[PDB]
Structures are given as structure tokens and as C-alpha cells.
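Below you'll find only one chain, the form deposited in one PDB entry, shown as C-alpha cells.
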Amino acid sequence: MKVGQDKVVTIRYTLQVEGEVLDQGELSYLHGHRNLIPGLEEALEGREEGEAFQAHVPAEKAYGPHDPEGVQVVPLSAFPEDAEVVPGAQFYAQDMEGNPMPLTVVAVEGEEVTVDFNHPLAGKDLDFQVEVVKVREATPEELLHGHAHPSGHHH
């Protein structure tokens, strides 16, 4: 059966950025509920089970452009211990109610750390290889919760 609104879709994928394979795995998602980046959902629409294809998804329809306002300059004191506050290191800040907010360290100077709260793939065009493994109808509880049970990565 074909990918479409309110179907639970299982895909296998490889994700490459500028010729480097960054990710590879399998996931299930509820289609048409903003659970998957829009360019990839658009590429999958109407595809039959068993189809496999390659797709280029520009940043605009993936994780979006890099937002300059997501780059902040914070005190080194906010970082614990003396941890590894170096470029590329990932940390989590928490807001007033405890929500974890991931960041990547960009630079360190004096008592100041430049950090980036943008998604690591913001501003990147993404090259996928995708195989449609399974398509089924969603259960009532899946459409109520808005997500597949279970959702996300098999592997």
C-alpha cells in the first residue's frame, strides 16, 4: 500500500551531507503529522512499499536555514566541573522548568563560550537514500497520540 496521510510508514535510510555519510538507520513514523522533515515526507508521498530511491532535500525543507540568533555567548561558569568545553562538544542547558536544550560549543575565550543552539543540520542540504519497508493504517490510539507506537528508530 502507498505512503499517504495517516499511514504509519517504516523507512530505511542513509543520510549524507556533502558526500559524508552522517547517519544510517530505520525508523517508523506517522505520515502527515509533522513527525518527519517536510522535504522527506514530500519525497515519500504516494510511494509504494518496496520502493527505494535517492532524494536531495534542501535545507529549507529539511532542518531549515541556520539561524544566527541561535548562536549565544554565555559564561564559562555555567559549564560544570571543568568539563571539555571545546569546539564540537555537545552540552544540555535547562530552562526554568527543566526542559533540556542542546547546544554545540563553537569557541572559548576568557570567561566566555560561544555556543550554538541550532540543529546540527540547520543550513545543510541533505542527500538521502530511502527504502519504504512497510506502510500500514494507523490505530485510533496512534492518531490520538499523534505518533506511531512505538515510534522512532528500530536501529
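Each residue number is its position in the shown sequence, starting from 1. Between two forms, the rigid core is the largest collection of C-alphas that superpose within 1.5 Å.
Comparing 48-56 with 105-113, the higher mean C-alpha B-factor in the PDB entry belongs to 105-113. Higher mean CA temperature factor, per the PDB entry, when comparing 65-73 with 84-92: 84-92. In the deposited coordinates, the residue among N99, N118, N35, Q129 with the greatest CA B-factor is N35. Among the modelled residues of its chain, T139 has a C-alpha B-factor that falls in the highest third according to the deposited record. When the CA B factors of the chain's modelled residues are split into thirds, the value for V17 lands in the middle one.
There is another form of this protein, the form deposited in another entry, and it is not shown here; the text below is about that form.
Comparing C-alpha positions between this form and the one not shown after a rigid core fit, one residue in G46, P87, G50, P58 moves 2 angstroms or more. It is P87. Once the rigid core is overlaid between this form and the one not shown, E26 does not reach a Cα shift of 2 Å, moving by less than that. Core-superposed comparison between this form and the one not shown: the CA of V115 exceeds or equals a 2 Å shift. When the rigid core is held fixed, the Cα atom of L103 travels 2 angstroms or more between this form and the one not shown.
The pair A107 and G19 approaches in that other deposited form: their C-alpha atoms are at least 3 Å nearer to each other than in the form depicted.
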